[PDB]
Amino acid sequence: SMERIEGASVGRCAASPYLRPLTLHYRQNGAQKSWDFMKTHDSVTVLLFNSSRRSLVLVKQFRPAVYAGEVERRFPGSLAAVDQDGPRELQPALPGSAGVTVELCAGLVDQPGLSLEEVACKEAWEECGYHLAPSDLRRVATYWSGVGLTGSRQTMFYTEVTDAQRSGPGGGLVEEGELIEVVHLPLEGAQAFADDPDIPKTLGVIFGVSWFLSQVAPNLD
């Protein structure tokens, strides 16, 4: 099950391909300053509107960082310094449902040679089972994600799909230990879904719903 998590523990992270902390030293109007950040990849996200079903296509999956943040919210001190060899078991753990998010289809810009659009198409295939062409995609927005702690860009795309385009199993790469659920969000429930704070979601979902309902859906009515 996606939401069945066991043995949850926190440990030190000495090196990682996904985050690499650095400090920028610089003078700003003659004052010497420093700033802590982490080097990270850019990313792409893609909102699909399935017109056969009149539903938006989203993904649901366990996010370990979200789970840890939620354990820390409900049990302050869970993420205390790991001053020991090896991980420290959480006491108490939360249910794994605490880390399950709803997101747009998304992936890192870590694919040598692929365009941003092609990365978006790859993720829509691998995560959702939808076959897209790059020219099917509309660029919605490009922006900085997390300006305080990283300098990564994210680019969001949009495309309309039909049922015939859902020709794959989706669910992410099985061999690589991914378990992703495809969510089809009926348009009639979409704004309520986004506004509901009991469903953990990203700003990309909330913005995607708002943007679609005000910029696209009227030109289909």
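Residue numbers run from 1 along the displayed sequence. Between two forms, the rigid core is the largest collection of C-alphas that superpose within 1.5 Å.
Visitor: C-alpha RMS from this form in 4 other deposited structures of this protein, rigid core superposed: larger for 135-143 or 111-119?
Guide: Of the two stretches, the larger average C-alpha offset in 4 other deposited structures of this protein falls on 111-119.
Visitor: Please tell me which region, 59-67 or 157-165, has C-alphas lying farther from the displayed form on average in 4 other deposited structures of this protein, with superposition done on the core.
Guide: Result of the core-fitted comparison in 4 other deposited structures of this protein: 59-67 deviates more.
Visitor: Output yes if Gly177 is unmodelled in at least a third of the other compared entries of this protein, no if it is modelled in all of them.
Guide: Per the records, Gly177 goes unmodelled in at least a third of the other entries.
Visitor: Hey, does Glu127 drop out of the model in a third or more of the other PDB entries compared here?
Guide: no, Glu127 modelled in all other entries.
Visitor: Mind pulling up the entry and telling me whether 199-207 or 15-23 has the higher mean Cα temperature factor?
Guide: Taking the mean B-factor of the alpha carbons in each, 15-23 is higher.
Visitor: Please work out which of 36-44 and 174-182 has the higher mean CA B-factor as recorded in the PDB entry.
Guide: Higher mean C-alpha B-factor in the PDB entry: 174-182.
Visitor: Sorting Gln165, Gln28, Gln154, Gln61 by Cα temperature factor from the record, which one lands on top?
Guide: Largest recorded C-alpha B-factor: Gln28.
Visitor: Among the modelled residues of its chain, does the C-alpha B-factor of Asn50 lie in the lowest, middle or highest third?
Guide: Its C-alpha B-factor belongs to the lowest third of this chain's values.
Visitor: Taking the C-alpha B-factors as the PDB entry records them, is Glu123 in the lowest, middle or highest third of its chain?
Guide: Its C-alpha B-factor belongs to the lowest third of this chain's values.
Visitor: Test of reading the entry: by CA B factor among the chain's modelled residues, which third contains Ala190?
Guide: Its C-alpha B-factor belongs to the highest third of this chain's values.
Visitor: Looking at the C-alpha B-factor of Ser135, is it in the lowest, middle or highest third of its chain?
Guide: Within its chain, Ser135 is a middle-third residue by C-alpha B-factor, going by the deposited values.
Visitor: Using the temperature factors of the C-alpha atoms in this entry, rank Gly129 within its chain: lowest, middle or highest third.
Guide: As the PDB entry reports it, the C-alpha B-factor of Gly129 lands in the lowest third of its chain.
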